[PDB]
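Here is the structure we will look at, set down as structure tokens.
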Amino acid sequence: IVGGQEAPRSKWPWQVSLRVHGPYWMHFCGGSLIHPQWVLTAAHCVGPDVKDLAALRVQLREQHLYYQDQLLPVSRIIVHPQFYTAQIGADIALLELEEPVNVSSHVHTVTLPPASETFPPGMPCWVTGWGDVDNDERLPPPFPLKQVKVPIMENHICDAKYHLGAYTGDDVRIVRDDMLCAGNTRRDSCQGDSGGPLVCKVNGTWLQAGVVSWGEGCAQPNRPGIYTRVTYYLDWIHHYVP
Amino acid sequence: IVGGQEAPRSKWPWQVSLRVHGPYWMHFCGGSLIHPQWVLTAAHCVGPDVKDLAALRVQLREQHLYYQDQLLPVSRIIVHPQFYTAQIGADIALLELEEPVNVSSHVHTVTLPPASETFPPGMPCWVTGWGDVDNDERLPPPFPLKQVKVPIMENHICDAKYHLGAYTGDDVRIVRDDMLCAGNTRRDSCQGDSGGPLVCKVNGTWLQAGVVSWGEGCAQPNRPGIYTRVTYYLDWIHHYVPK
Amino acid sequence: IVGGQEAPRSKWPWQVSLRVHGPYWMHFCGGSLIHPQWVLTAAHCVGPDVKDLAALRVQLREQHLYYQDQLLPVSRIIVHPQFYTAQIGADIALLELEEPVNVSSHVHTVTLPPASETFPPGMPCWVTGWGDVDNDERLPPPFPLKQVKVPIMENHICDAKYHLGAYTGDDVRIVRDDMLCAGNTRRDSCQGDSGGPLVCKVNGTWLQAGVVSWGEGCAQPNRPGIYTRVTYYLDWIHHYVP
Amino acid sequence: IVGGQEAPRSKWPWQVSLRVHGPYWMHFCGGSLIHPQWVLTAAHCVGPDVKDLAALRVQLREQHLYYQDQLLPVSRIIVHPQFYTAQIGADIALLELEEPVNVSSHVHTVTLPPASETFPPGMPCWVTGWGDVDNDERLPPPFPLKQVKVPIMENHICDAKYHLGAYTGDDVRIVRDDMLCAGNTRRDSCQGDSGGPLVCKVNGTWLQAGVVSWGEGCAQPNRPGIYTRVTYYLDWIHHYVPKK
Amino acid sequence: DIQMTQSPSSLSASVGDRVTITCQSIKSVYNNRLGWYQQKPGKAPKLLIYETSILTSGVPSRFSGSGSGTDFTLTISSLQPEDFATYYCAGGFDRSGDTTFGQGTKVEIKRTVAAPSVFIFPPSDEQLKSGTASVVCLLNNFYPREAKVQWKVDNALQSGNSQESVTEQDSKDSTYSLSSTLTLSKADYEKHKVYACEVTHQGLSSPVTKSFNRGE
Amino acid sequence: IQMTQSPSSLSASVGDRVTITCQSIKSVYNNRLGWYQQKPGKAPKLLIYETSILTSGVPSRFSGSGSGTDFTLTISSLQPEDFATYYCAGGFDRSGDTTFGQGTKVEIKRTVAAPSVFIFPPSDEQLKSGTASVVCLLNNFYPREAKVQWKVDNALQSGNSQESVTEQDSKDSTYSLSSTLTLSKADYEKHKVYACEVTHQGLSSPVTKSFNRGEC
Amino acid sequence: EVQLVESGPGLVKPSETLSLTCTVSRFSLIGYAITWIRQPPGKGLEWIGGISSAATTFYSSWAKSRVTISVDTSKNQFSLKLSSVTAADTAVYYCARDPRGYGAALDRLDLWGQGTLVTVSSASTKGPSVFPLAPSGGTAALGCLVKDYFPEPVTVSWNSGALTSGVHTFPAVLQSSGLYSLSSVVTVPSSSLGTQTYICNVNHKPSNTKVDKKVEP
Amino acid sequence: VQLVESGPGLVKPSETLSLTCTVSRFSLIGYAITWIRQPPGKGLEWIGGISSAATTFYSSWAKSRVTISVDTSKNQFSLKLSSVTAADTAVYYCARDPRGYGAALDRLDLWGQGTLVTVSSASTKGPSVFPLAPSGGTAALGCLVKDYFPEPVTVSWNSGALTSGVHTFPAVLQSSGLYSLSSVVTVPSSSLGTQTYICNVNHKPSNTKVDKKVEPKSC
Ligand SMILES: *C[C@@](*)(O)[C@H](CCCNC(N)=[NH2+])NC(=O)CNC(=O)[C@@H](N)CCC(=O)O
Ligand SMILES: *C[C@@](*)(O)[C@H](CCCNC(N)=[NH2+])NC(=O)CNC(=O)[C@@H](N)CCC(=O)O
Ligand SMILES: *C[C@@](*)(O)[C@H](CCCNC(N)=[NH2+])NC(=O)CNC(=O)[C@@H](N)CCC(=O)O
Ligand SMILES: *C[C@@](*)(O)[C@H](CCCNC(N)=[NH2+])NC(=O)CNC(=O)[C@@H](N)CCC(=O)O
Ligand SMILES: [Ca+2]
Ligand SMILES: [Ca+2]
Ligand SMILES: [Ca+2]
């Protein structure tokens with residue numbers, strides 16, 4: 001998380017951390033608990049290549065990584081079939097947990113939006129994660145979960161910004177309709193934040209607007225962070241998730 | 001270059017090395033002299049972001065990098081407008097040199113193919129460059145230009161291989177029609193080879209079939225190298241480059 | 001610490017972790033609380049070059065690094081005058097804290113030995129630290145304090161081992177009289193453990209026998225760990241420390 | 001080499017490059033041809049630990065590394081018995097080549113000094129190598145041999161400088177009698193230059209005054225380059241290398 | 001409970017033969033959750049194949065796994081002498097406890113008929129100090145396992161006095177060794193003189209009798 | 001050559017400690033002494049180099065010792081696979097004074113096994129092509145040292161037969177040998193009984209195998 | 001180089017509780033699952049239960065009532081406790097790892113322990129009595145009779161590991177006495193007798209007995 | 001890592017045998033290659049070698065009639081032995097000294113597979129396979145692999161299927177100047193007349209593959 005502060009213990013109970021085997025079960029991506037048996041993450045975290053599930057574990061909402069770990073096994077990885085790369089689109093995946101989580105005050109699910117939800121600018125949105133604090137800058141120990149309020153930008157506005165200082169033709173779409181834009185040069189998500197949620201307050205309820213997907217660098221001029229528009233893939237998500 | 005040997009002094013006279021300023025003018029991509037005032041390269045080498053020309057020079061065909069350098073300035077960078085990323089496609093670019101090259105026996109142009117040319121399997125093809133010798137393995141000093149004979153694979157065959165051990169739906173195309181496949185687990189191009197040529201002998205003449213573009217890893221199982229199909233962009237090249 | 005396990009919360013209350021400014025107050029050496037206003041460490045940690053005290057803090061006994069940190073300022077660095085390099089000898093230093101620590105059950109001082117103490121083989125000795133787990137292998141998060149029981153080896157035996165597979169003349173002493181040997185190929189201290197204590201149980205009391213100094217590699221054949229012999233420098237320590 | 005320029009093709013014919021096996025026979029130290037069958041280097045390059053000779057080759061004077069290599073095998077490594085570390089001293093070694101080199105105009109030996117030679121300040125000395133151009137800064141391709149004129153400093157003066165901004169007691173000697181000091185913040189040897197020669201012109205002849213040994217950083221304030229005093233070890237060198 | 005059926009329960013095959021062991025269930029396997037184990041006598045089972053068809057690294061290519069749902073197969077393309085072991089399949093039907101092992105399949109090597117080397121050992125003077133005595137007949141390195149050892153004490157046939165034990169088939173020559181131990185009281189051992197073991201095997205044209213005279 | 005290996009050949013049981021010595025009159029240059037293992041029909045393998053250094057992957061049962069003029073290869077616990085010809089090789093200078101030792105053939109020791117003598121008459125196709133080639137097979141025996149004689153109508157033949165011997169098998173450690181008497185079909189067609197007489201250590205009274213001529 | 005080790009009492013009296021521990025040498029197992037399997041003598045593999053990556057216990061149909069599986073992260077140990085044991089519980093106990101950290105899996109048990117024999121009996125441990133099986137021109141056979149011990153196992157080596165070829169240690173037989181008897185034989189050349197010394201090295205770990213007996217003609 | 005010897009298998013006397021030692025997908029720049037030969041049934045003999053610095057060293061014998069060289073561009077080493085006699089018939093090996101010595105023998109870490117060179121005025125020939133027809137318990141039968149040139153011949157039974165009891169003997173040079181061998185197999189007498197035996201002889205130098213079907217006779 002570029003910009004923003006350390007999240008309070010209470011906030012973001014749906015926040016998960018994806019772990020990879022090695023000298024330790026290291027953090028590499030985030031995700032959200034959308035059901036007691038399901039995690040919503042980015043496809044680029046777990047694909048396009050088929051991954052050995054022995055090399056993956058999920059960690060539920062805790063303040064700091066590695067200090068109070070209880071690693072959960074994954075039974076299935078479901079990557080959107082239309083996914084190849086983040087810039088192409090369909091950067092969304094589901095993880096089915098081997099065991100259902102016992103929901104509580106500190107650990108519970110995030111609400112997905114209705115299809116009709118557009119998430120226009122002005123919307124109070126927040127992105128959360130344990131990823132990079134700046135470009136090629138890791139989150140230092142004790143690894144606190146970080147949060148940042150990010151401004152929503154319209155797709156065409158964002159798409160126009162992405163063309164500034166680029167050879168790509170103006171008629172050539174960069175920011176695709178399954179994507180959403182948020183951030184500026186001070187507030188943004190970064191590498192290690194992927195799969196993590198972009199949540200917005202809509203009539204007193206937190207709805208996951210997006211999934212941390214990609215962007216050119218981290219909090220770069222005319223390069224807002226790009227997210228997978230959750231509304232676009234609702235039908236796919238709900239084919240698996242109750 | 002993964003697999004293959006060091007090129008003879010004679011061979012590949014169209015081969016160029018793209019340089020970037022720093023403690024030295026370091027090699028970062030390859031390219032081909034297609035005209036005395038033009039070099040053909042991959043767009044990902046010089047894009048999608050706009051680059052300062054002060055930070056770029058071209059080096060004509062020499063056996064080793066840095067030993068006998070004569071760095072040439074570039075006056076213009078022309079990246080295909082449809083280019084964003086290698087996997088999306090249109091990974092092609094042109095560099096206009098500030099001064100024309102006086103062509104000789106060791107330094108001359110490569111012939112571009114006619115549009116009708118398909119480059120089917122069986123074709124004797126070679127790829128050349130100064131890039132990585134294996135995955136995350138740099139070409140060691142004295143930096144000789146390397147060559148490798150690579151087998152051409154049909155797009156649908158290659159696209160099928162790309163789907164093996166991938167979640168991507170079979171109906172979802174990976175190897176696009178502006179792309180070409182060549183290589184195996186022993187013979188392939190790698191990072192630092194980009195923009196460099198894939199040349200095939202067609203009726204006694206060397207024609208550039210492709211431009212080194214992308215691939216998953218270097219010489220990986222079921223992952224042949226992907227090159228830019230030069231035929232696809234002939235009309236665009238010739239809008240700038242004299243016939 | 002090469003070999004050995006994670007220390008219980010109770011054990012080694014004198015253990016300190018030296019910090020250096022940067023993206024975070026990172027651990028770089030260990031040391032021991034020998035007085036409520038003094039820390040005993042290795043000279044190579046803080047020398048021979050003069051160090052800016054703004055760049056240094058002391059962290060008292062805690063189980064894991066960076067989780068419950070309360071960084072203490074240092075007012076003076078006293079490096080033994082005979083110190084230039086670890087292999088030459090006199091790799092011992094004192095840190096005077098700006099404020100005296102309030103001693104308790106979890107945080108208290110280590111006893112220094114009498115001069116007459118020899119620390120012969122057979123002695124039950126332990127070395128503790130947050131340093132490297134193996135050669136060029138850092139201690140992974142959550143950074144637990146590690147402990148390992150190390151076997152004491154006589155200086156001449158150790159010096160003979162140090163000459164095996166070395167061009168150095170047999171008459172040329174490597175292990176000096178101000179040094180002490182402990183460890184094998186399975187149990188040893190490593191980089192980042194420097195300054196830390198080598199304590200042995202002598203008639204029901206823990207006495208700091210040595211200070212983590214140097215060695216060729218970490219737990220290498222015929223290369224036991226070399227510690228500064230605390231008995232050798234007692235007079236110097238007690239010139240400053242009450 | 002910190003500071004200084006690229007050496008002309010003619011100059012420093014005694015200069016050798018020590019190589020180590022790997023993806024290529026990479027440069028790691030230097031040395032000097034002192035006899036057609038012997039090369040003089042620093043002990044820390046090849047010790048104190050025993051090294052496999054399969055992993056070592058010597059490359060005679062050439063302008064650039066790797067471009068026109070003819071790697072020579074080594075038959076014996078002789079490290080001074082008193083050597084453990086550079087700061088302790090006796091950082092000197094000899095390599096016996098498996099084959100004698102055919103000396104020429106571009107490749108020939110350096111003269112060792114008489115024992116009486118002191119090498120006082122003022123002398124015109126030069127250090128040569130293919131090592132680091134600055135602290136943690138490698139010599140970039142095409143890897144030219146570099147040269148730098150370095151000023152000689154007296155041992156006690158140098159020792160005093162080494163104590164400035166150091167906790168080490170003034171009575172505690174850092175620059176030992178088997179060592180020699182040369183360099184400043186603009187001119188100096190660096191990592192990879194080790195074993196290379198420090199040559200000075202004495203009555204119209206180039207004599208190897210020192211062997212690149214160690215130093216705190218590269219061209220750092222009050223930290224001149226420390227070299228092994230060749231005079232100190234003449235008797236040891238000549239126990240193995242024919243007098244002539 | 002237990003609901004997985006392996007077929008056959010035991011098989012015998014020659015070296016180089018293709019071997020097929022099938023594993024069947026009534027409920028379908030959860031998520032390709034079907035593995036194959038090889039258990040050599042007095043050793044922990046070894047995982048050869050996992051997730052139906054994936055081969056454990058280091059395991060020879062002669063081992064392959066196939067199948068889906070309710071029907072699975074372990075294949076040994078060219079059976080080797082070392083491949084002698086009990087093979088067990090194991091599957092998962094759910095993620096909360098419905099996992100079992102198959103009954104197992106004992107794979108045995110077939111080779112040319114080999115005759116045993118018969119040996120007789122009289123009770124030790126050390127043992128004769130205590131009340132008991134033991135006479136040992138050894139049958140060394142033969143094929144097949146089937147063999148009958150008869151005890152003749154002064155030519156009289158013996159019943160219920162002996163106990164035999166067979167070695168597990170050799171990993172290299174694929175043969176067996178058998179020991180028949182007759183147990184007698186010191187009182188009865190002194191009552192007789194001619195002790196012999198008559199061996200009748202397939203590899204012997206006529207029964208081999210090995211004996212000794214008491215007090216020699 | 002100045003490299004004396006001792007013995008030239010040795011026989012030892014499995015698990016036995018084996019010592020092969022290499023000695024020279026001139027002293028070895030710079031610990032320049034290596035040990036090679038050559039298995040039949042294979043390139044030599046470097047096991048030990050620079051007197052005592054073990055090649056990576058080579059079992060710890062192989063060790064090298066010595067200096068100057070006397071060196072030793074040691075096999076602490078001889079394995080059946082260890083049968084081969086071991087050669088030492090040394091250097092006395094850097095310009096050409098290097099040789100190999102004459103070699104030591106190491107052979108695995110086992111119990112005496114009498115041969116099985118088989119006589120084979122010339123095939124009809126070979127007789128139709130004008131040649132008579134008689135084969136006297138000797139099968140699976142220990143030791144290799146055996147005597148074969150060819151009698152034609154009881155008349156002892158000379159220098160018309162050719163023997164050939166296989167190597168030591170790592171399964172039973174025995175050998176087999178082929179005596180082959182060759183003559184024309186015209187020389188064949190003038191004699192009745194073709195006999196092969198075999199004399200071995202396992203043969204208390206020799207074994208004669210014979211046939212009467214033709215395609216009867 | 002990765003090892004799992006089962007530890008615990010070899011002999012348990014009936015009605016009591018068997019307690020076993022599965023330890024992991026020079027390797028951590030934070031994200032993994034350990035399951036316990038048993039194998040009655042001569043019978044096949046049976047699942048007892050397991051503990052997941054998230055410390056969740058799963059027990060088989062039988063056992064649910066009388067079995068407890070736990071983790072001591074501080075000790076790098078896994079426990080198994082089987083209450084009210086009968087002779088039906090006499091088996092070889094194994095602990096194995098599921099690298100996916102499942103807890104109720106069986107299809108991918110990659111690492112296994114060596115196995116530990118647990119015998120449920122009211123009988124007391126008895127050390128064995130070793131007797132020589134004395135040799136009789138060509139080949140000669142000789143051995144050791146390891147009579148009347150309890151419980152299993154007994155390990156027999158020859159010449160302290162040096163003699164491995166031709167060695168045949170037979171499986172143990174339960175006698176009328178309720179004690180085990182066993183023989184270990186070896187074939188050697190008759191020529192080697194009187195020139196070579198043959199000693200069998202009998203080891204009964206349940207009673208901490210080690211007997212070395214020299215066989216003579 | 002692999003070293004490969006290449007060259008003519010058959011050389012006529014008085015001529016010059018030219019061999020090449022190739023190196024696959026490995027550097028070899030700082031190394032030395034030595035050539036060794038091994039007469040049939042005899043021991044190892046050093047021919048000569050080339051150092052890391054391209055320096056040639058030749059043995060006592062050979063010096064006069066031997067030439068060793070390097071083609072770095074081809075990653076090849078050559079061996080040229082002039083005026084060859086039957087005394088030069090051996091297996092030729094090229095080996096590497098990892099110290100790049102040239103005249104060493106004590107540390108030849110990598111070796112080639114070996115190349116048989118036969119010095120003869122004789123021409124190439126396929127073998128003639130003849131059955132060694134069997135004959136109440138165990139029966140023996142085989143194949144006679146007569147007159148061929150040069151070595152080797154590979155004998156399998158039932159196209160690899162029968163391996164146990166198979167004994168293929170070493171080859172013997174005859175008066176004719178043509179080699180010959182045999183291959184024997186023991187089978188149960190019960191299996192004869194139900195099991196068809198086929199010995200598959202293969203002579204790669206002439207590209208010949210013969211399958212002889214061994215069957216019983218009457219006298
Ligand atoms: C996979 C996930 O951790 C990252 C983070 C997304 C970056 N977010 C913002 N706001 N800038 N996703 C990727 O790295 C996907 N690929 C890209 O972002 C590339 N365009 C650049 C990758 C890079 O600079 O490392
Ligand atoms: C830009 C140029 O240096 C390389 C060379 C192409 C790789 N060739 C083959 N045959 N694989 N082009 C790229 O690196 C373009 N991007 C990619 O290949 C990515 N898919 C991954 C790069 C990686 O794995 O390091
Ligand atoms: C200063 C402190 O972190 C280390 C740790 C001592 C190593 N302990 C054992 N048992 N080896 N002290 C040093 O790094 C002092 N310098 C050395 O030990 C060097 N001889 C080795 C340097 C290296 O390999 O990194
Ligand atoms: C071994 C050789 O290549 C180097 C070079 C000598 C450095 N020269 C000058 N003038 N500073 N020798 C060493 O690295 C010996 N060790 C040291 O000098 C250490 N005191 C520090 C090494 C460092 O700063 O990285
Ligand atoms: Ca970046
Ligand atoms: Ca890569
Ligand atoms: Ca430095």
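Following the order of the structure tokens, first chain is A, next is B, and so on, with residues numbered from 1 inside each chain and ligands from 1 in the order they appear.
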- Query: How would you write, as a ChimeraX atom specification, the set of residues no farther than 9 Å from ligand 2 when counting only C-alpha atoms and all ligand atoms?
  - Reply: /B:1-2,28-30,42-45,85-87,131-132,135-136,181-183,188-196,212-220,223-227
- Message: Env of residue 150 of chain E: 12 Å cut, atoms = only C-alpha atoms, seq-sep filter 3 positions within chain, self excluded. Answer as JSON, numbers by chain.
- Response: {"E": [136, 137, 147, 153, 155, 156, 157, 158, 159, 160, 161, 162, 163, 164, 179, 180, 181, 182, 195, 196, 197, 198, 199, 200, 201, 207, 208, 209, 210, 211]}
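Here atom CA of residue 108 of chain B and atom CA of residue 62 of chain B stand 12.0 Å from one another.
In terms of minimum interatomic distance to chain E, A:73 ranks closest within A:30, A:73, A:47, A:165, counting only C-alpha atoms.
Neighbouring residues of residue 140 of chain G at 7 Å or closer, counting only C-alpha atoms and skipping chain neighbours under 2 positions away, are residues 135, 136, 138, 142, 187, 188, 189 and 190 of chain G.
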- Would you list, as a PyMOL selection string, the residues of segment 1-241 of chain A that end up in strand (DSSP E) under DSSP run on this structure's backbone? chain A and resi 5-6+15-20+26-35+38-41+56-59+72-79+93-97+125-129+146-150+152-153+179-182+197-202+205-214+225-229
With a distance threshold of 7 Å and counting only C-alpha atoms, extract the residues of chain A near chain B and express them as a CSV table (one decimal) with N, CA and C atoms, in the first residue's frame.
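Ended up saving to result-v4.csv:
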```
chain,number,residue,atom,x,y,z
A,48,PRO,N,-1.4,-17.7,-15.2
A,48,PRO,CA,-2.3,-18.6,-15.9
A,48,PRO,C,-1.9,-20.1,-15.7
A,49,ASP,N,-0.6,-20.3,-15.3
A,49,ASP,CA,0.0,-21.6,-15.1
A,49,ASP,C,-0.7,-22.4,-14.0
A,50,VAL,N,-0.9,-23.7,-14.1
A,50,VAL,CA,-1.5,-24.5,-13.1
A,50,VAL,C,-0.5,-24.6,-11.9
A,79,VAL,N,-9.6,-20.3,-11.7
A,79,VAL,CA,-9.2,-19.1,-12.4
A,79,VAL,C,-10.2,-18.9,-13.6
A,81,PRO,N,-11.8,-18.5,-17.0
A,81,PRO,CA,-11.3,-19.1,-18.2
A,81,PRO,C,-10.7,-18.1,-19.2
A,82,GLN,N,-11.2,-16.8,-19.2
A,82,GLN,CA,-10.8,-15.8,-20.1
A,82,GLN,C,-9.5,-15.1,-19.7
A,83,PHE,N,-8.9,-15.6,-18.6
A,83,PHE,CA,-7.6,-15.0,-18.1
A,83,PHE,C,-6.4,-15.5,-18.7
A,84,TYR,N,-5.5,-14.6,-19.2
A,84,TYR,CA,-4.2,-14.9,-19.6
A,84,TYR,C,-3.2,-14.0,-19.0
A,88,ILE,N,-4.8,-7.8,-20.4
A,88,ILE,CA,-5.8,-8.4,-21.3
A,88,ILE,C,-7.2,-8.3,-20.6
A,165,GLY,N,1.9,10.2,-22.6
A,165,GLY,CA,3.3,9.9,-22.6
A,165,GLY,C,3.6,8.4,-23.0
A,166,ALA,N,2.7,7.9,-23.9
A,166,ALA,CA,2.6,6.5,-24.4
A,166,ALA,C,2.5,6.6,-26.0
A,167,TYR,N,3.1,5.6,-26.7
A,167,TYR,CA,3.0,5.6,-28.2
A,167,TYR,C,1.7,5.0,-28.7
A,168,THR,N,1.0,4.3,-27.8
A,168,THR,CA,-0.3,3.6,-28.1
A,168,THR,C,-1.3,4.6,-28.6
A,169,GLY,N,-1.9,4.3,-29.7
A,169,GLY,CA,-3.0,5.1,-30.4
A,169,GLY,C,-4.1,5.3,-29.4
A,172,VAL,N,-6.9,3.0,-29.3
A,172,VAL,CA,-6.6,1.7,-28.8
A,172,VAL,C,-6.9,1.7,-27.2
```
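Atom CA of residue 214 of chain H is found 22.8 Å from atom CA of residue 184 of chain F.
With only C-alpha atoms and all ligand atoms as the atoms that count, the set of residues no farther than 6 Å from ligand 4 is residues 29, 44, 45, 86, 188, 189, 190, 191, 192, 193, 194, 212, 213, 214, 215, 216, 217, 218, 225 and 226 of chain D.
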Next, dump the selected residues to file, keeping only N, CA, C and O atoms, as a short mmCIF file (atom, residue, chain, number, x, y, z; two decimals), in the first residue's frame.
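What follows is the written file again20.cif:
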```cif
data_model
loop_
_atom_site.label_atom_id
_atom_site.label_comp_id
_atom_site.auth_asym_id
_atom_site.auth_seq_id
_atom_site.Cartn_x
_atom_site.Cartn_y
_atom_site.Cartn_z
N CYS D 29 41.41 -11.23 -9.19
CA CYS D 29 42.64 -10.69 -8.60
C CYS D 29 43.62 -10.46 -9.70
O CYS D 29 43.45 -10.94 -10.81
N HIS D 44 45.52 -13.37 0.36
CA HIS D 44 44.07 -13.33 0.54
C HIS D 44 43.29 -13.71 -0.73
O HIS D 44 42.15 -14.16 -0.58
N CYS D 45 43.90 -13.59 -1.93
CA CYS D 45 43.30 -13.97 -3.21
C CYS D 45 43.08 -15.48 -3.31
O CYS D 45 42.10 -15.95 -3.91
N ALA D 86 44.60 -10.22 5.84
CA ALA D 86 45.27 -9.02 5.29
C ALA D 86 45.75 -8.00 6.37
O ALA D 86 46.89 -7.52 6.30
N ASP D 188 43.49 5.57 -6.02
CA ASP D 188 43.58 4.35 -5.20
C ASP D 188 43.26 3.05 -5.96
O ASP D 188 42.68 3.08 -7.05
N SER D 189 43.67 1.90 -5.36
CA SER D 189 43.38 0.55 -5.79
C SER D 189 42.07 0.16 -5.07
O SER D 189 41.63 0.85 -4.15
N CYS D 190 41.41 -0.89 -5.53
CA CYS D 190 40.14 -1.29 -4.95
C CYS D 190 40.01 -2.80 -5.05
O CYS D 190 40.95 -3.46 -5.50
N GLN D 191 38.88 -3.36 -4.59
CA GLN D 191 38.57 -4.79 -4.68
C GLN D 191 38.70 -5.27 -6.12
O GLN D 191 38.17 -4.65 -7.03
N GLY D 192 39.45 -6.35 -6.28
CA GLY D 192 39.72 -6.95 -7.58
C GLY D 192 41.09 -6.60 -8.10
O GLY D 192 41.56 -7.21 -9.07
N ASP D 193 41.73 -5.57 -7.48
CA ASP D 193 43.05 -5.11 -7.84
C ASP D 193 44.10 -5.90 -7.08
O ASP D 193 45.28 -5.94 -7.52
N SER D 194 43.68 -6.56 -5.96
CA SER D 194 44.53 -7.38 -5.06
C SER D 194 45.53 -8.24 -5.77
O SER D 194 45.24 -8.73 -6.86
N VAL D 212 49.13 -5.03 -3.85
CA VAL D 212 47.80 -4.59 -3.38
C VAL D 212 47.27 -5.59 -2.32
O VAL D 212 47.15 -6.80 -2.60
N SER D 213 47.04 -5.09 -1.10
CA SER D 213 46.64 -5.94 0.02
C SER D 213 45.21 -5.67 0.51
O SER D 213 44.33 -6.49 0.30
N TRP D 214 44.98 -4.51 1.16
CA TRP D 214 43.70 -4.15 1.76
C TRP D 214 43.55 -2.63 1.92
O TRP D 214 44.34 -1.87 1.35
N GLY D 215 42.56 -2.22 2.72
CA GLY D 215 42.26 -0.83 3.06
C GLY D 215 40.82 -0.72 3.48
O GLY D 215 40.01 -1.58 3.09
N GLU D 216 40.47 0.30 4.28
CA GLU D 216 39.08 0.55 4.69
C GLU D 216 38.43 1.29 3.52
O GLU D 216 38.86 2.41 3.19
N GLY D 217 37.48 0.63 2.84
CA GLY D 217 36.82 1.18 1.67
C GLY D 217 37.79 1.41 0.52
O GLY D 217 38.85 0.79 0.48
N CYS D 218 37.42 2.29 -0.43
CA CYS D 218 38.25 2.63 -1.59
C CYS D 218 38.32 4.12 -1.76
O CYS D 218 37.30 4.76 -2.05
N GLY D 225 45.51 3.31 0.78
CA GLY D 225 45.61 1.93 0.36
C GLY D 225 46.78 1.28 1.03
O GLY D 225 47.86 1.88 1.12
N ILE D 226 46.55 0.06 1.55
CA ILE D 226 47.63 -0.66 2.19
C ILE D 226 48.04 -1.82 1.31
O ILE D 226 47.20 -2.54 0.79
#
```
- For ligand 3, collect every residue having any atom at a distance of at most 6 Å from a ligand atom (counting only C-alpha atoms and all ligand atoms); output as number ranges by chain. C: 29, 44-45, 86, 188-194, 212-218, 225
- Message: Show me, as a count of residues only, the residues of chain E whose atoms get within 12 Å of chain A, using only C-alpha atoms for the distance check.
- Response: 11
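Going from atom CA of residue 114 of chain G to atom CA of residue 76 of chain F covers 28.3 Å.
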- Query: Please, which residues of chain E lie no more than 8 Å from chain G when the count uses only C-alpha atoms, and can they be set out as a PyMOL selection string?
  - Reply: chain E and resi 1+33-36+43-47+50-51+89-92+95-101+103-104+119+121-124+126-127+136+163-167+177-179
- Task: Starting from chain H, keep only residues with some atom at most 6 Å from an atom of chain D, counting only C-alpha atoms, and report them as number ranges by chain.
- Result: H: 30, 53, 98-100
- Item | Non-local contacts of residue 69 of chain A (10 Å; only C-alpha atoms; under 6 positions in same chain excluded) as number ranges by chain | A: 25, 58-62; C: 142; G: 30-31, 54
- Message: Please identify all residues of chain F having at least one atom at most 10 Å from any atom of chain D, considering only C-alpha atoms, and return them as a PyMOL selection string.
- Response: chain F and resi 29-30+93-95
